[PDB]
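Here is the file structure_5.cif (mmCIF, C-alpha atoms).
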data_start
#
loop_
_atom_site.label_atom_id
_atom_site.label_comp_id
_atom_site.auth_asym_id
_atom_site.auth_seq_id
_atom_site.Cartn_x
_atom_site.Cartn_y
_atom_site.Cartn_z
CA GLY A 1 17.19 -22.94 -15.40
CA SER A 2 19.89 -20.30 -15.00
CA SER A 3 18.38 -17.17 -16.55
CA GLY A 4 14.60 -17.17 -16.22
CA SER A 5 12.39 -18.89 -13.66
CA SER A 6 13.47 -17.76 -10.19
CA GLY A 7 12.60 -19.35 -6.86
CA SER A 8 12.42 -17.11 -3.79
CA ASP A 9 11.82 -13.37 -4.14
CA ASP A 10 12.65 -10.03 -2.53
CA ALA A 11 9.37 -9.04 -0.88
CA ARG A 12 10.47 -8.62 2.73
CA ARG A 13 12.96 -6.09 1.37
CA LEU A 14 10.38 -3.29 1.15
CA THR A 15 9.70 -0.33 3.44
CA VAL A 16 6.54 1.77 3.44
CA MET A 17 6.77 5.57 3.50
CA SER A 18 4.40 8.51 3.91
CA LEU A 19 1.70 6.08 5.04
CA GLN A 20 -1.27 7.52 6.92
CA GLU A 21 -2.80 5.29 9.61
CA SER A 22 -4.31 7.65 12.18
CA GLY A 23 -4.71 10.69 9.94
CA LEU A 24 -6.84 9.54 7.02
CA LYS A 25 -9.69 11.64 5.62
CA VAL A 26 -12.95 10.15 4.33
CA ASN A 27 -14.08 11.01 0.80
CA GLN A 28 -10.53 12.24 0.18
CA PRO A 29 -7.63 11.04 -2.00
CA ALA A 30 -4.78 9.43 -0.06
CA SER A 31 -1.58 8.08 -1.62
CA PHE A 32 1.66 6.69 -0.19
CA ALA A 33 5.18 5.81 -1.33
CA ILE A 34 7.05 2.50 -1.19
CA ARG A 35 10.80 2.42 -0.60
CA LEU A 36 12.75 -0.28 -2.45
CA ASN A 37 15.99 -1.67 -1.02
CA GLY A 38 16.81 -3.10 -4.43
CA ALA A 39 13.87 -5.46 -4.88
CA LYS A 40 12.69 -5.98 -8.46
CA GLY A 41 9.84 -8.00 -9.92
CA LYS A 42 6.18 -7.05 -9.56
CA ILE A 43 4.26 -4.62 -7.34
CA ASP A 44 0.70 -5.13 -6.12
CA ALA A 45 -1.38 -2.71 -4.06
CA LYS A 46 -5.08 -3.21 -3.35
CA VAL A 47 -7.51 -1.90 -0.73
CA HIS A 48 -9.61 -4.32 1.32
CA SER A 49 -12.94 -3.61 3.01
CA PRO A 50 -15.01 -5.28 5.76
CA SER A 51 -18.00 -5.10 3.41
CA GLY A 52 -16.52 -7.77 1.16
CA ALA A 53 -15.19 -5.62 -1.67
CA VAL A 54 -11.70 -5.36 -3.17
CA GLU A 55 -10.74 -2.15 -4.97
CA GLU A 56 -7.57 -1.46 -6.94
CA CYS A 57 -5.25 1.42 -6.06
CA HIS A 58 -3.54 3.52 -8.74
CA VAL A 59 0.10 2.44 -9.00
CA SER A 60 2.50 4.59 -11.02
CA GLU A 61 6.25 4.09 -11.43
CA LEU A 62 8.06 7.40 -11.00
CA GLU A 63 11.42 6.30 -9.60
CA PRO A 64 13.41 3.04 -9.90
CA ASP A 65 13.71 3.04 -6.10
CA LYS A 66 10.42 4.74 -5.23
CA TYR A 67 6.78 4.25 -6.24
CA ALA A 68 3.46 6.03 -5.76
CA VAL A 69 0.15 4.41 -4.81
CA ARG A 70 -3.05 6.45 -4.58
CA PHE A 71 -6.23 5.13 -2.97
CA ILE A 72 -9.50 6.42 -1.50
CA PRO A 73 -9.78 5.32 2.15
CA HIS A 74 -13.55 4.92 2.43
CA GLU A 75 -14.83 2.47 5.05
CA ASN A 76 -17.15 2.17 8.05
CA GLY A 77 -14.35 1.52 10.52
CA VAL A 78 -10.81 0.24 10.02
CA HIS A 79 -9.12 -0.36 6.67
CA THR A 80 -6.69 -3.14 5.73
CA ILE A 81 -3.93 -2.54 3.18
CA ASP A 82 -2.65 -5.53 1.20
CA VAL A 83 0.79 -5.31 -0.42
CA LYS A 84 2.07 -8.15 -2.60
CA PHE A 85 5.50 -8.45 -4.22
CA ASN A 86 6.20 -11.34 -6.59
CA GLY A 87 3.52 -13.34 -4.79
CA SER A 88 4.32 -12.58 -1.16
CA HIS A 89 3.09 -10.13 1.48
CA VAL A 90 5.89 -7.74 2.45
CA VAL A 91 6.87 -7.14 6.07
CA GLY A 92 4.23 -5.79 8.44
CA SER A 93 1.47 -6.76 6.02
CA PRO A 94 -1.31 -6.41 5.80
CA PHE A 95 -1.22 -2.92 7.33
CA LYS A 96 -3.87 -1.39 9.58
CA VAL A 97 -5.08 2.22 9.37
CA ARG A 98 -7.76 3.88 11.48
CA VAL A 99 -9.62 6.50 9.45
CA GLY A 100 -10.46 9.71 11.28
CA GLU A 101 -8.82 12.50 13.27
CA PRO A 102 -9.36 14.31 16.60
CA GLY A 103 -10.91 17.58 15.49
CA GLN A 104 -13.91 19.38 14.00
CA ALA A 105 -13.97 21.27 10.70
CA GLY A 106 -16.73 23.82 10.18
#

Starting from the file, lay out its structure as C-alpha cells.
Amino acid sequence: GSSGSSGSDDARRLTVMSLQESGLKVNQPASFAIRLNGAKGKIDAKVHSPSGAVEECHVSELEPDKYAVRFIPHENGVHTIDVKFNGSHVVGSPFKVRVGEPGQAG
C-alpha cells in the first residue's frame, strides 16, 4: 500500500562506533555504539561462536541517533559479530574481532 508495508530498507546506512576488535578482554563486559544516519526500523545484535552457540547482546535505546549494545566476548579464538537491520546485514558485516592484547597483567 502507501502507508504500511515497505519494500527495501535502510540497513547499509549504519556506522559502527567504539568497536573493539584487537583490544577485547576475556571474561569482561564489552559494549559498543551504533551510529544511525537516519535509518529507522528494527535493530538486531547477536554474538556468534565457533562452538555452535548464539547468544543475545543487551540492546538499549538511549539516543534516537545512537544505541548501546553490551556483550561478553568469550571465545577460544576469533569472534564474529552479526548485525541485522530490518532483515539485512549492514555494511562490513559480519564483523571480525580478535580477542586478546599484547601485554601481561600481574

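Residue nearest residue 88 of chain A, chosen from A:8, A:2, A:22, A:51 and counting only C-alpha atoms: A:8.
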
Practice task
May I ask which of the residues A:3, A:93, A:86, A:27 is the closest one to residue 40 of chain A, counting only C-alpha atoms?
Solution key: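 Closest residue, counting only C-alpha atoms: A:86.
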
Could you pull the residues within 10 Å of segment 34-38 of chain A, counting all atoms listed in the file, minus those fewer than 6 positions along the same chain, as a PDB file with C-alpha atoms, keeping the file's coordinate frame?
ATOM      1  CA  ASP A  10      12.650 -10.030  -2.530  1.00  0.00           C
ATOM      2  CA  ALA A  11       9.370  -9.040  -0.880  1.00  0.00           C
ATOM      3  CA  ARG A  12      10.470  -8.620   2.730  1.00  0.00           C
ATOM      4  CA  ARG A  13      12.960  -6.090   1.370  1.00  0.00           C
ATOM      5  CA  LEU A  14      10.380  -3.290   1.150  1.00  0.00           C
ATOM      6  CA  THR A  15       9.700  -0.330   3.440  1.00  0.00           C
ATOM      7  CA  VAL A  16       6.540   1.770   3.440  1.00  0.00           C
ATOM      8  CA  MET A  17       6.770   5.570   3.500  1.00  0.00           C
ATOM      9  CA  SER A  18       4.400   8.510   3.910  1.00  0.00           C
ATOM     10  CA  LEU A  19       1.700   6.080   5.040  1.00  0.00           C
ATOM     11  CA  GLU A  63      11.420   6.300  -9.600  1.00  0.00           C
ATOM     12  CA  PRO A  64      13.410   3.040  -9.900  1.00  0.00           C
ATOM     13  CA  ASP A  65      13.710   3.040  -6.100  1.00  0.00           C
ATOM     14  CA  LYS A  66      10.420   4.740  -5.230  1.00  0.00           C
ATOM     15  CA  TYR A  67       6.780   4.250  -6.240  1.00  0.00           C
ATOM     16  CA  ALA A  68       3.460   6.030  -5.760  1.00  0.00           C
ATOM     17  CA  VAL A  69       0.150   4.410  -4.810  1.00  0.00           C
TER      18      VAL A  69
END

Practice task
List the neighbours of segment 71-85 of chain A out to 6 Å using only C-alpha atoms; skip same-chain residues closer than 5 positions along the sequence, and give me the result as an MDAnalysis selection string.
Solution key: chainID A and resid 11 26 29:31 42:48 57 94:98

Edge lengths and centre, in Å to one decimal, as lines of an AutoDock Vina configuration file: that's what I need for the box along x, y and z that holds all listed atoms of segment 45-48 of chain A plus 6 Å on each side.
center_x = -5.5
center_y = -3.1
center_z = -1.4
size_x = 20.2
size_y = 14.4
size_z = 17.4

Exercise for the section: Return the single residue from A:100, A:87, A:59, A:28 that is closest to residue 9 of chain A, with distances computed using all atoms listed in the file. Expected result: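 Distance minimum relative to residue 9 of chain A lands on A:87.
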
Problem - Two-atom distance - atom CA of residue 24 of chain A, atom CA of residue 104 of chain A (Å) - result: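 That distance, rounded to one decimal, is 14.0 Å.
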
Problem - Distance of atom CA of residue 101 of chain A from atom CA of residue 23 of chain A, expressed in Å to one decimal place - result: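 Separation between atom CA of residue 23 of chain A and atom CA of residue 101 of chain A: 5.6 Å.
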
Practice task
Could you tell me how far atom CA of residue 62 of chain A lies from atom CA of residue 49 of chain A, in Å and to one decimal?
Solution key: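 Interatomic distance, atom CA of residue 62 of chain A to atom CA of residue 49 of chain A: 27.5 Å.
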
Fill in the blank from the handout: Across A:25, A:60, A:53, A:4, the smallest distance to residue 103 of chain A, with all atoms listed in the file counted, is shown by A:25

Practice task
Identify which of the residues A:54, A:90, A:33, A:6 lies closest to residue 70 of chain A, counting all atoms listed in the file when measuring atom-to-atom distances.
Solution key: A:33
